[PDB]
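A quick write-up on the structure given underneath.
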Amino acid sequence: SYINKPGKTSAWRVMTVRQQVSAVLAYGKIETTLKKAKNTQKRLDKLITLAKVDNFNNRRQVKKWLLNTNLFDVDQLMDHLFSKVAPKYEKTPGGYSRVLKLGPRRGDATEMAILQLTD
Amino acid sequence: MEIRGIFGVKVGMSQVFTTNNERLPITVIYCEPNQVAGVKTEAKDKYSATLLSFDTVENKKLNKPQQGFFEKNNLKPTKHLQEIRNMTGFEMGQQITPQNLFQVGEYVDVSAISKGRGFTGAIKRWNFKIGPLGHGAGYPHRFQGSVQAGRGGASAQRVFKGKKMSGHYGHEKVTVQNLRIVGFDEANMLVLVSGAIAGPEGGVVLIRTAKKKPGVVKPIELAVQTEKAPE
Amino acid sequence: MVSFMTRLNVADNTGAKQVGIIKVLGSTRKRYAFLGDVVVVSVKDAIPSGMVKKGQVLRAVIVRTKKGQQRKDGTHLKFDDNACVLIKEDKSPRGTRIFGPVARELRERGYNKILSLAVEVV
Amino acid sequence: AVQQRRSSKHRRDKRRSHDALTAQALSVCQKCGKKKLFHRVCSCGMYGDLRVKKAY
Amino acid sequence: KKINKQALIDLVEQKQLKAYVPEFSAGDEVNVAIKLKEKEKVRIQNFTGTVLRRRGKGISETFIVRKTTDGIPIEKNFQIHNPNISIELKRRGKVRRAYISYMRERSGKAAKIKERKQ
RNA sequence: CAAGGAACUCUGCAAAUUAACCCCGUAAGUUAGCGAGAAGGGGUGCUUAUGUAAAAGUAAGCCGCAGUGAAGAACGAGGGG
RNA sequence: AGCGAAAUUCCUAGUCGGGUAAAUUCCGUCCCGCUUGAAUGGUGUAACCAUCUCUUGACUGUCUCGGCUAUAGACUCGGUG
RNA sequence: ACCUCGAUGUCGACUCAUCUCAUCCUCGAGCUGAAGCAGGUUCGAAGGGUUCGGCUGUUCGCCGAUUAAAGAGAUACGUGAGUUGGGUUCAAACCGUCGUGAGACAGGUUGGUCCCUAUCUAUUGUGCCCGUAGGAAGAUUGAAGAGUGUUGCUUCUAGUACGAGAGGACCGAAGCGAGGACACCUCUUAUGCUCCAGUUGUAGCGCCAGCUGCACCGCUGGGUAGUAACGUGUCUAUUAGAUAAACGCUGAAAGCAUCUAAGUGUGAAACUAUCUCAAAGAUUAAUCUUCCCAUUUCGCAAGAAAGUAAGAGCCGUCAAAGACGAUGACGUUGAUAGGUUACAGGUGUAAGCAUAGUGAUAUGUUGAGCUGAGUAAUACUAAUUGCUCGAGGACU
Ligand SMILES: [K+]
Ligand SMILES: [Mg+2]
Ligand SMILES: [Mg+2]
Ligand SMILES: [Mg+2]
Ligand SMILES: [Mg+2]
Ligand SMILES: [Mg+2]
Ligand SMILES: [Mg+2]
Ligand SMILES: [Mg+2]
Ligand SMILES: [Mg+2]
Ligand SMILES: [Mg+2]
Ligand SMILES: [Mg+2]
Ligand SMILES: [Mg+2]
Ligand SMILES: [Mg+2]
Ligand SMILES: [Mg+2]
Ligand SMILES: [Mg+2]
Ligand SMILES: [Mg+2]
Ligand SMILES: [Mg+2]
Ligand SMILES: [Mg+2]
Ligand SMILES: [Mg+2]
Ligand SMILES: [Mg+2]
Ligand SMILES: [Mg+2]
Ligand SMILES: [Mg+2]
Ligand SMILES: [Mg+2]
Ligand SMILES: [Mg+2]
Ligand SMILES: [Mg+2]
Ligand SMILES: [Mg+2]
Ligand SMILES: [Mg+2]
Ligand SMILES: [Mg+2]
Ligand SMILES: [Mg+2]
Ligand SMILES: [Mg+2]
Ligand SMILES: [Mg+2]
Ligand SMILES: [Mg+2]
Ligand SMILES: [Mg+2]
Ligand SMILES: [Mg+2]
Ligand SMILES: [Mg+2]
Ligand SMILES: [Mg+2]
Ligand SMILES: [Mg+2]
Ligand SMILES: [Mg+2]
Ligand SMILES: [Mg+2]
Ligand SMILES: [Mg+2]
Ligand SMILES: [Mg+2]
Ligand SMILES: [Mg+2]
Ligand SMILES: [Mg+2]
Ligand SMILES: [Mg+2]
Ligand SMILES: [Mg+2]
Ligand SMILES: [Mg+2]
Ligand SMILES: [Mg+2]
Ligand SMILES: [Mg+2]
Ligand SMILES: [Mg+2]
Ligand SMILES: [Mg+2]
Ligand SMILES: [Mg+2]
Ligand SMILES: [Mg+2]
Ligand SMILES: [Mg+2]
Ligand SMILES: [Mg+2]
Ligand SMILES: [Mg+2]
Ligand SMILES: [Mg+2]
Ligand SMILES: [Zn+2]
């Protein structure tokens with residue numbers, strides 16, 4: 001069998017995590033598959049804890065992950081993260097995000113999951 | 001015969017340099033004090049064995065029948081129970097440590113459950129040969145090997161029982177014999193055994209007297225470094 | 001680990017620049033030859049002013065290996081080229097000098113003449 | 001390879017004997033009472049005492 | 001009954017570690033004195049050469065020393081915390097890597113490492 | 001993919017080496033047209049200055065294990081039907 | 001005439017020499033060529049060949065000898081079938 | 001010419017091998033025109049082993065170098081619903097020969113499509129149901145079995161026994177290996193696609209600097225955990241019993257003799273155990289220990305209505321496990337996973353700034369910064385306050 005689809009490549013996986021983490025930082029909730037939420041959670045927590053010092057080095061580190069969204073750009077997401085979201089989690093020992101399971105999809109029966117910022 | 005046994009948990013592998021200029025790889029075994037939970041006599045049972053209890057745990061992590069047995073026998077609650085054949089000469093309810101069982105450098109054998117590997121093919125399981133890769137080839141490259149015994153009514157016409165094909169590999173008890181104990185560490189309750197021990201780090205390990213060399217003890221001593229403070 | 005049909009250099013004065021392995025002497029299906037092993041070889045590149053001629057089948061012992069081997073103390077000896085010297089039945093070198101360094105595994109398997117005629121043993 | 005003999009209507013059902021379905025475990029929501037499959041957010045977006053999603 | 005496996009391995013390794021263990025980087029020249037034992041006495045044989053790598057954590061710390069005799073280059077892997085072995089750092093050199101593999105490809109005037117390091 | 005390098009096989013099948021530009025050098029044979037990109041080698045990055053219409057090049061310096069740093073570029077010799 | 005164990009030789013793995021540690025294949029030669037041979041042409045021949053055949057340098061997982069990683073399958077769940 | 005022409009794929013090679021003994025090596029013994037060493041022949045013995053190459057499609061065969069040995073056969077001259085198609089045997093073309101010819105040759109040469117998703121049974125693994133007569137959780141014995149079993153060199157014994165000499169032992173002991181097997185990752189290597197660093201082109205972040213996408217993971221040098229060998233640990237012993245060939249002791253039938261008839265021995269890698277693994281579906285269903293059942297009424301008792309516990313399952317977090325089941329750990333009375341903190345290992349002095357240089361760049365802050373899985377703590381997040389199944393053991 002040949003002329004197969006490109007597939008879930010490593011580059012595709014990193015881009016998927018980038019898109020979901022940018023969206024979850026912009027809006028605050030993501031309705032995805034459970035196995036994708038359980039992988040985006042790691043990057044979400046890592047970004048939030050590194051964005052707690054608000055130095056230019058940390059901006060350069062975060063910019064390798066953030067992507068443009070509808071509600072914010074790549075530069076206004078920076079202001080939202082470093083001034084609104086991250087300062088809230090200033091003394092929380094990890095676990096800023098929660099993943100909970102919704103029902104199965106009508107056309108796939110895969111287990112959905114909502115990823116949210118735990119206040 | 002007079003078989004001595006102890007139970008422990010493998011923690012890793014290191015090396016030690018010894019006198020006579022050898023570098024000996026060693027396996028480190030954390031051996032908790034084992035408690036003799038039962039003794040079964042040849043006359044009353046038709047065989048002789050000693051069953052100990054080890055890997056102690058709190059009472060709330062144990063089932064009701066087992067904790068009832070432990071409280072009936074007046075023993076420390078442990079979740080692991082196992083016996084060794086032909087182990088005699090120990091009173092019920094006595095703490096046993098490897099220091100009282102084995103010597104400094106005597107030969108012992110070690111049994112442990114092998115590292116699980118899952119569904120493996122014929123080549124990785126039975127050391128079979130792989131088919132040719134070039135000069136033209138076919139769909140089956142990692143072929144198991146023809147299982148033909150006889151074609152026709154006057155011949156077998158069947159795969160012989162016990163054939164060598166793909167299947168489960170790993171997570172199976174295996175014993176390595178004639179391993180020399182290197183050192184005892186009473187404070188940390190830590191046994192050093194030469195060579196490699198099967199099983200993942202943290203698994204259970206049984207140390208027994210070697211049946212090939214029961215009383216043989218080959219001397220081994222470590223090296224003391226002569227290096228001094230910088231001048 | 002020199003194997004069957006392996007071209008290697010000669011570290012002696014005998015006129016043989018390139019030598020090819022024929023058999024790893026010692027047992028049946030002896031796969032490799034480590035330091036100190038004896039092999040049967042054929043001279044393939046020689047010189048006019050040499051004691052050996054091209055095409056002769058002879059017996060040699062290996063002194064160096066690119067792969068290398070590990071000793072008991074844990075030291076791993078590793079050269080940069082596989083070399084062998086031509087020996088006689090008595091285990092005595094055919095050449096009058098040995099070029100370059102040689103291993104210590106020769107000392108275990110006799111070969112005292114080889115060590116005494118070397119530049120420095122390792 | 002193909003069957004040289006046709007499989008009856010009895011061997012077929014014997015193989016399907018293991019094709020039966022299992023009833024998924026269900027529980028009752030603690031704020032509205034309707035049955036929801038266990039360990040999952042209900043239809044009101046109310047999981048435990050936490051408002052997860054807006055009401056349906 | 002929590003078992004810190006790494007700590008127990010470290011204790012066994014400390015039983016036979018050395019006190020000084022002098023330091024050296026990748027591109028350094030050291031003098032290794034092998035205490036070869038014959039039937040009697042010891043013949044201190046020096047193996048001065050250039051380091052190429054230093055890997056390991058404890059009793060399993062090893063380093064690679066490269067030497068050249070009669071134009072033949074020989075590379076030798078020593079264990080740091082091994083008795084009858086003495087290491088004496090001679091020259092400190094500057095390299096931009098941890099495993100300087102190119103030394104086994106470059107030779108002659110191109111195999112000379114500049115001094116100094118930080 | 002370590003060491004070996006055709007030991008594989010009906011057969012170096014397949015795979016692997018070379019690959020662009022510039023500068024050297026190039027045999028036997030021949031119908032004198034060829035052989036021939038024969039074979040065999042070297043240089044390529046960045047900065048400063050000199051060179052030019054632009055260059056190419058030249059001199060000095062700097063960095064890396066590696067400088068048509070990735071893509072696309074000929075494997076060769078000999079004898080015979 | 002020329003050529004000749006040949007895309008031709010049955011006996012035949014013909015004799016001898018070269019190539020290899022070792023050569024039913026290859027190259028040269030010998031000639032009882034069963035049954036070569038001159039326009040169904042004979043003998044040579046520079047260049048050329050997705051032609052056949054043999055030796056060789058570099059090169060490599062063809063092999064000694066197998067091992068690891070990533071995708072799409074296979075495998076599990078939902079839909080068609 | 002009995003089966004098969006409504007099809008039984010035919011040589012050789014590769015992979016996997018199994019069986020027989022008419023035994024090639026190893027093991028035991030008798031005879032010898034057997035001094036010793038090395039042989040010859042016969043008897044017993046099938047446990048294991050029985051090499052790599054050159055030429056040929058080759059089996060065969062000759063040759064080269066080793067080995068303890070390079071055994072003889074059978075299994076559709078084993079093996080194409082396992083591989084290959086070199087050979088034979090399609091269509092093309094030529095040579096020699098035959099034929100007037102179209103054509104033909106177990107004469108030669110170049111080229112030339114090898115399909116199938118496994119239903120039953122056989123086999124390798126892993127499960128559900130039920131039985132084992134109350135239920136459940138543990139620990140066992142072992143009927144019937146499976147796996148391995150190869151061997152060389154050196155030293156000593158001892159230049160002793162023997163032998164004019166040359167030469168050169170049986171028995172026994174030690175050391176070092178080849179092949180095969182099991183396990184493991186401390187060391188050496190290979191790999192290590194969300195790790196580190198260097199770096200090219202192009203497109204973006206409005207520009208420099210610094211990053212991101214793509215170009216085989218863009219390329220290159222290293223590399224954590226894991227997976228493996230080319231790596232390192234272990235095994236390939238030993239002993240007992242009953243014996244084959246063979247040798248016996250004591251002994252008659254047959255006053256002698258005689259290994260045998262009674263009695264009593266010796267005796268091989270073969271056999272039965274000792275070694276490793278699995279094993280009570282062993283329905284002939286075994287044994288031991290612990291725990292939980294021991295209600296109110298009606299009538300009908302291995303009866304009813306309700307009513308009583310150990311445990312198990314569903315679901316969730318998982319990996320010492322794993323195709324899926326299962327195995328194992330945990331589920332708030334918790335460290336199961338993620339996150340956080342600290343550290344290890346790996347990479348190799350981060351960005352920014354300052355100095356120096358005209359610039360590329362170097363130096364100091366700086367063994368700095370970064371880091372997938374690794375080590376250990378920390379309930380911050382996810383394992384909810386849930387549902388179902390489940391017991392009085394007939395009588396003899
Ligand atoms: K037929
Ligand atoms: Mg890509
Ligand atoms: Mg095909
Ligand atoms: Mg293929
Ligand atoms: Mg029959
Ligand atoms: Mg039959
Ligand atoms: Mg029906
Ligand atoms: Mg089914
Ligand atoms: Mg290689
Ligand atoms: Mg090489
Ligand atoms: Mg060949
Ligand atoms: Mg062959
Ligand atoms: Mg090709
Ligand atoms: Mg030419
Ligand atoms: Mg000719
Ligand atoms: Mg003539
Ligand atoms: Mg002529
Ligand atoms: Mg010919
Ligand atoms: Mg010839
Ligand atoms: Mg041919
Ligand atoms: Mg000829
Ligand atoms: Mg004419
Ligand atoms: Mg003619
Ligand atoms: Mg004519
Ligand atoms: Mg001609
Ligand atoms: Mg053509
Ligand atoms: Mg897919
Ligand atoms: Mg489906
Ligand atoms: Mg008839
Ligand atoms: Mg028939
Ligand atoms: Mg039919
Ligand atoms: Mg048919
Ligand atoms: Mg068929
Ligand atoms: Mg016989
Ligand atoms: Mg036996
Ligand atoms: Mg050849
Ligand atoms: Mg026949
Ligand atoms: Mg056949
Ligand atoms: Mg046969
Ligand atoms: Mg026949
Ligand atoms: Mg078949
Ligand atoms: Mg076939
Ligand atoms: Mg096929
Ligand atoms: Mg068939
Ligand atoms: Mg053909
Ligand atoms: Mg073909
Ligand atoms: Mg034709
Ligand atoms: Mg005619
Ligand atoms: Mg049975
Ligand atoms: Mg390691
Ligand atoms: Mg820029
Ligand atoms: Mg008598
Ligand atoms: Mg006996
Ligand atoms: Mg019945
Ligand atoms: Mg964890
Ligand atoms: Mg800096
Ligand atoms: Zn609700």
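To be explicit about the labels: the chains of the structure tokens are called A, B, and onward in the order shown, and within each one the residues are counted from 1, while ligands get numbers from 1 in the order they are shown.
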With a distance cut-off of 12 Å and only C-alpha atoms (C1' of nucleotides), select the neighbouring residues of range 280-282 of chain H, excluding the residue or stretch itself and same-chain residues fewer than 5 positions from it, and output the selection as a PyMOL selection string. chain H and resi 130-132+140-144+287
Can I get the selected residues back with C-alpha atoms (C1' of nucleotides), as a PDB file, in the first residue's frame?
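Final file, part-v3.pdb:
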ATOM      1  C1'   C H 130     -19.224 -23.178  33.489  1.00  0.00           C
ATOM      2  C1'   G H 131     -17.698 -27.201  36.532  1.00  0.00           C
ATOM      3  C1'   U H 132     -14.626 -28.778  40.931  1.00  0.00           C
ATOM      4  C1'   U H 140       0.893 -25.806  48.373  1.00  0.00           C
ATOM      5  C1'   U H 141       1.820 -31.340  46.856  1.00  0.00           C
ATOM      6  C1'   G H 142       2.635 -33.180  41.747  1.00  0.00           C
ATOM      7  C1'   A H 143      -0.389 -37.629  38.008  1.00  0.00           C
ATOM      8  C1'   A H 144       0.727 -36.634  32.996  1.00  0.00           C
ATOM      9  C1'   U H 287      -4.231 -30.993  50.386  1.00  0.00           C
TER      10        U H 287
END
Test item: residues no farther than 10 Å from ligand 19, counting only C-alpha atoms (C1' of nucleotides) and all ligand atoms, as a PyMOL selection string: chain G and resi 15-19+23
Resulting file, chosen residues, N, CA and C atoms (P, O5', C5', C4', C3', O3' and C1' of nucleotides), as a PDB file, in the first residue's frame:
ATOM      1  P     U G  15      42.303 -30.958 -19.772  1.00  0.00           P
ATOM      2  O5'   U G  15      43.774 -30.827 -20.367  1.00  0.00           O
ATOM      3  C5'   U G  15      44.483 -31.969 -20.823  1.00  0.00           C
ATOM      4  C4'   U G  15      45.758 -31.577 -21.526  1.00  0.00           C
ATOM      5  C3'   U G  15      46.536 -30.433 -20.897  1.00  0.00           C
ATOM      6  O3'   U G  15      47.345 -30.848 -19.809  1.00  0.00           O
ATOM      7  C1'   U G  15      46.337 -30.067 -23.226  1.00  0.00           C
ATOM      8  P     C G  16      47.514 -29.902 -18.521  1.00  0.00           P
ATOM      9  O5'   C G  16      48.401 -28.681 -19.033  1.00  0.00           O
ATOM     10  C5'   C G  16      49.705 -28.895 -19.555  1.00  0.00           C
ATOM     11  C4'   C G  16      50.237 -27.664 -20.244  1.00  0.00           C
ATOM     12  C3'   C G  16      50.148 -26.364 -19.460  1.00  0.00           C
ATOM     13  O3'   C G  16      51.160 -26.219 -18.481  1.00  0.00           O
ATOM     14  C1'   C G  16      49.389 -26.002 -21.663  1.00  0.00           C
ATOM     15  P     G G  17      50.845 -25.432 -17.117  1.00  0.00           P
ATOM     16  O5'   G G  17      50.886 -23.896 -17.538  1.00  0.00           O
ATOM     17  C5'   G G  17      52.070 -23.324 -18.073  1.00  0.00           C
ATOM     18  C4'   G G  17      51.831 -21.941 -18.625  1.00  0.00           C
ATOM     19  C3'   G G  17      51.130 -20.955 -17.706  1.00  0.00           C
ATOM     20  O3'   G G  17      51.994 -20.380 -16.741  1.00  0.00           O
ATOM     21  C1'   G G  17      50.158 -20.856 -19.855  1.00  0.00           C
ATOM     22  P     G G  18      51.425 -19.946 -15.301  1.00  0.00           P
ATOM     23  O5'   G G  18      50.501 -18.686 -15.610  1.00  0.00           O
ATOM     24  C5'   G G  18      51.059 -17.492 -16.138  1.00  0.00           C
ATOM     25  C4'   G G  18      50.005 -16.441 -16.380  1.00  0.00           C
ATOM     26  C3'   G G  18      49.069 -16.130 -15.224  1.00  0.00           C
ATOM     27  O3'   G G  18      49.646 -15.272 -14.255  1.00  0.00           O
ATOM     28  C1'   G G  18      47.817 -16.367 -17.215  1.00  0.00           C
ATOM     29  P     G G  19      49.392 -15.533 -12.690  1.00  0.00           P
ATOM     30  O5'   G G  19      47.940 -14.928 -12.438  1.00  0.00           O
ATOM     31  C5'   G G  19      47.664 -13.567 -12.730  1.00  0.00           C
ATOM     32  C4'   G G  19      46.180 -13.307 -12.811  1.00  0.00           C
ATOM     33  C3'   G G  19      45.339 -13.762 -11.631  1.00  0.00           C
ATOM     34  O3'   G G  19      45.367 -12.838 -10.556  1.00  0.00           O
ATOM     35  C1'   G G  19      44.312 -14.443 -13.658  1.00  0.00           C
ATOM     36  P     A G  23      42.131 -23.748  -9.154  1.00  0.00           P
ATOM     37  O5'   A G  23      40.728 -23.036  -9.399  1.00  0.00           O
ATOM     38  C5'   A G  23      39.529 -23.795  -9.506  1.00  0.00           C
ATOM     39  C4'   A G  23      38.605 -23.256 -10.572  1.00  0.00           C
ATOM     40  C3'   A G  23      39.176 -23.248 -11.989  1.00  0.00           C
ATOM     41  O3'   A G  23      38.121 -23.456 -12.928  1.00  0.00           O
ATOM     42  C1'   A G  23      38.669 -21.037 -11.339  1.00  0.00           C
TER      43        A G  23
END
Can you list every residue of chain C that has an atom at most 10 Å from chain F, with its nearest atom pair and the distance in Å to one decimal, using only C-alpha atoms (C1' of nucleotides), ordered by chain then number, as a tab-separated table?
residue	atom	partner	partner_atom	distance
C:1	CA	F:3	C1'	5.4
C:2	CA	F:4	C1'	6.3
C:3	CA	F:4	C1'	5.9
C:4	CA	F:7	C1'	6.5
C:5	CA	F:7	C1'	6.1
C:6	CA	F:4	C1'	5.9
C:7	CA	F:4	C1'	8.6
C:22	CA	F:7	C1'	9.9
C:32	CA	F:3	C1'	9.5
C:65	CA	F:3	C1'	8.6
C:66	CA	F:3	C1'	7.0
C:67	CA	F:3	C1'	5.3
C:68	CA	F:3	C1'	8.8
C:82	CA	F:3	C1'	9.8
Per-residue DSSP, range 2-118 of chain E, filtered to strand (DSSP E), as a PyMOL selection string: chain E and resi 28-37+42-46+49-55+62-69+72-79+85-92
Could the residues that lie within 9 Å of ligand 45, counting only C-alpha atoms (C1' of nucleotides) and all ligand atoms, be listed as a ChimeraX atom specification? /H:85-87,111-112
Residues within 8 Å of ligand 34 should be enumerated using only C-alpha atoms (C1' of nucleotides) and all ligand atoms and returned as a PyMOL selection string. chain H and resi 21-23+44-45
Okay, now the selection with N, CA and C atoms (P, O5', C5', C4', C3', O3' and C1' of nucleotides), as a PDB file, in the first residue's frame?
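The result, stored in again.pdb:
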ATOM      1  P     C H  21      16.566 -46.849  15.011  1.00  0.00           P
ATOM      2  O5'   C H  21      17.875 -47.216  14.184  1.00  0.00           O
ATOM      3  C5'   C H  21      17.839 -48.187  13.145  1.00  0.00           C
ATOM      4  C4'   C H  21      19.145 -48.251  12.394  1.00  0.00           C
ATOM      5  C3'   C H  21      20.370 -48.599  13.241  1.00  0.00           C
ATOM      6  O3'   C H  21      21.238 -49.461  12.507  1.00  0.00           O
ATOM      7  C1'   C H  21      20.705 -46.514  12.160  1.00  0.00           C
ATOM      8  P     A H  22      21.831 -50.782  13.203  1.00  0.00           P
ATOM      9  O5'   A H  22      23.112 -51.134  12.328  1.00  0.00           O
ATOM     10  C5'   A H  22      22.978 -51.445  10.947  1.00  0.00           C
ATOM     11  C4'   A H  22      23.979 -50.694  10.105  1.00  0.00           C
ATOM     12  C3'   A H  22      24.000 -49.182  10.310  1.00  0.00           C
ATOM     13  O3'   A H  22      25.325 -48.699  10.099  1.00  0.00           O
ATOM     14  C1'   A H  22      23.423 -49.664   8.070  1.00  0.00           C
ATOM     15  P     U H  23      26.338 -48.522  11.334  1.00  0.00           P
ATOM     16  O5'   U H  23      26.228 -46.977  11.701  1.00  0.00           O
ATOM     17  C5'   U H  23      26.693 -45.978  10.799  1.00  0.00           C
ATOM     18  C4'   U H  23      27.645 -45.014  11.464  1.00  0.00           C
ATOM     19  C3'   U H  23      28.922 -45.635  12.026  1.00  0.00           C
ATOM     20  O3'   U H  23      29.986 -44.694  11.907  1.00  0.00           O
ATOM     21  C1'   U H  23      27.722 -44.593  13.770  1.00  0.00           C
ATOM     22  P     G H  44      25.571 -54.988  17.890  1.00  0.00           P
ATOM     23  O5'   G H  44      25.603 -54.060  19.184  1.00  0.00           O
ATOM     24  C5'   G H  44      25.327 -54.601  20.467  1.00  0.00           C
ATOM     25  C4'   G H  44      25.511 -53.580  21.562  1.00  0.00           C
ATOM     26  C3'   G H  44      24.817 -52.244  21.367  1.00  0.00           C
ATOM     27  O3'   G H  44      23.429 -52.290  21.648  1.00  0.00           O
ATOM     28  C1'   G H  44      27.016 -51.900  22.172  1.00  0.00           C
ATOM     29  P     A H  45      22.401 -51.388  20.803  1.00  0.00           P
ATOM     30  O5'   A H  45      22.813 -49.888  21.143  1.00  0.00           O
ATOM     31  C5'   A H  45      22.650 -49.364  22.453  1.00  0.00           C
ATOM     32  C4'   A H  45      23.320 -48.021  22.599  1.00  0.00           C
ATOM     33  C3'   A H  45      22.876 -46.943  21.625  1.00  0.00           C
ATOM     34  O3'   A H  45      21.663 -46.323  22.008  1.00  0.00           O
ATOM     35  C1'   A H  45      25.236 -46.977  21.743  1.00  0.00           C
TER      36        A H  45
END
Which residues of chain H come within 10 Å of chain D, and for each one, what is the closest pair of atoms and their distance in Å to one decimal, counting only C-alpha atoms (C1' of nucleotides), sorted by chain and residue number, as JSON lines?
{"residue": "H:81", "atom": "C1'", "partner": "D:1", "partner_atom": "CA", "distance": 6.1}
{"residue": "H:116", "atom": "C1'", "partner": "D:1", "partner_atom": "CA", "distance": 6.3}
{"residue": "H:117", "atom": "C1'", "partner": "D:1", "partner_atom": "CA", "distance": 8.4}
{"residue": "H:118", "atom": "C1'", "partner": "D:1", "partner_atom": "CA", "distance": 5.0}
{"residue": "H:119", "atom": "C1'", "partner": "D:3", "partner_atom": "CA", "distance": 4.1}
{"residue": "H:120", "atom": "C1'", "partner": "D:3", "partner_atom": "CA", "distance": 7.7}
{"residue": "H:128", "atom": "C1'", "partner": "D:18", "partner_atom": "CA", "distance": 7.6}
{"residue": "H:129", "atom": "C1'", "partner": "D:18", "partner_atom": "CA", "distance": 9.8}
{"residue": "H:314", "atom": "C1'", "partner": "D:25", "partner_atom": "CA", "distance": 5.9}
{"residue": "H:315", "atom": "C1'", "partner": "D:38", "partner_atom": "CA", "distance": 6.1}
{"residue": "H:316", "atom": "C1'", "partner": "D:39", "partner_atom": "CA", "distance": 6.8}
{"residue": "H:383", "atom": "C1'", "partner": "D:39", "partner_atom": "CA", "distance": 9.7}
{"residue": "H:384", "atom": "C1'", "partner": "D:48", "partner_atom": "CA", "distance": 6.6}
{"residue": "H:385", "atom": "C1'", "partner": "D:48", "partner_atom": "CA", "distance": 8.6}
{"residue": "H:386", "atom": "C1'", "partner": "D:27", "partner_atom": "CA", "distance": 5.7}
{"residue": "H:387", "atom": "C1'", "partner": "D:25", "partner_atom": "CA", "distance": 6.7}
{"residue": "H:388", "atom": "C1'", "partner": "D:25", "partner_atom": "CA", "distance": 9.1}
Once DSSP has gone over the backbone, tell me which residues of chain A are in helix (DSSP H, G or I), as a ChimeraX atom specification. /A:10-26,34-50,56-62,76-88
Nearby polymer residues, ligand 56, at most 8 Å, only C-alpha atoms (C1' of nucleotides) and all ligand atoms, as a VMD selection string: chain H and resid 349 to 352 366 368
Could you give me the residues within 12 Å of ligand 30, counting only C-alpha atoms (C1' of nucleotides) and all ligand atoms, as JSON, numbers by chain? {"B": [152, 153, 154], "H": [2, 3, 4, 8, 76]}
Residues of chain G within 9 Å of chain A, only C-alpha atoms (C1' of nucleotides) counted, as a VMD selection string: chain G and resid 70 to 73 77 to 79
The selected residues should be written to file as a PDB file, in the first residue's frame (atoms: C-alpha atoms (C1' of nucleotides)).
ATOM      1  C1'   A G  70       8.930   7.403  12.641  1.00  0.00           C
ATOM      2  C1'   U G  71       4.637   7.249   9.757  1.00  0.00           C
ATOM      3  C1'   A G  72       0.326   4.367   6.859  1.00  0.00           C
ATOM      4  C1'   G G  73      -1.749  -0.073   7.568  1.00  0.00           C
ATOM      5  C1'   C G  77     -13.882   1.529  19.431  1.00  0.00           C
ATOM      6  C1'   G G  78     -18.169   4.191  16.378  1.00  0.00           C
ATOM      7  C1'   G G  79     -20.584   4.344  10.901  1.00  0.00           C
TER       8        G G  79
END
Chain C contacts to chain H at 8 Å (only C-alpha atoms (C1' of nucleotides)) as a VMD selection string: chain C and resid 22 to 23 25 to 30 40 70 74 76
